[PDB]
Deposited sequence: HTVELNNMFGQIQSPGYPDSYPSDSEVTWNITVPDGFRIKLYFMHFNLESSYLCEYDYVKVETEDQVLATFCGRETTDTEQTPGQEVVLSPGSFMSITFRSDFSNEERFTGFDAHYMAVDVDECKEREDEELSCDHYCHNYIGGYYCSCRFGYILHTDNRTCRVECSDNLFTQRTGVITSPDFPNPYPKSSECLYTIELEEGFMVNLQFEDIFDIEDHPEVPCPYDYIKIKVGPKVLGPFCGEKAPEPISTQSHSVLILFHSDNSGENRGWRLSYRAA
């Protein structure tokens, strides 16, 4: 079902009267139908109510043709493309073909849908015949949704008296679908003070507290947050030599993220 030919009854002779033939064309998923004509010779009438070639889908009429390609409503060299993978064609003939119209000769074929051109791929889209797939930029990992591109952002440990911690690629949009664990572990006796600076931009919601992306900060047996939005939390003075910062990002958005510096009190 990648291709086919269709003719009116009797072709290349004049078609009979009182005839009605329907052809249903189905192609696999990821394909559309292309239809064109090499010969078209029908009765010409007002809005093709008498004799006609009707091209339609299951819920939509794509085209209706009648008349003669010579001096007339005809398809001409025009291609009829279906929106999806289905096309129905009906040739109808009324009660009298006294002029001996010779009908039509048509050809159809499956055409690949280019999904990349038509929940899209986060980074790269790759089209192929019958489908498509997504891939990611260097340094990113395709998520389990087969669509978004996450990163590994947990392989860290901050042990020095002062330091800087940011969302991945800050201040460029942070990676979607990621789960970053930043760990501060200073020397016993040191107490960590946290301080946000620069751009702060974490996707939020006007009514619901941080339903999408957020920072949580665990110090001792207690979690601070979640934090999101355009306004950073106020500086945080812990009484702890160790702090965990968890940054969660969902499958959507282009927010720029956050930066913090830490210092021992």
property	result
Deposited-sequence stretches lacking C-alpha coordinates, listed in sequence order	1-6, 79-80, 127-131
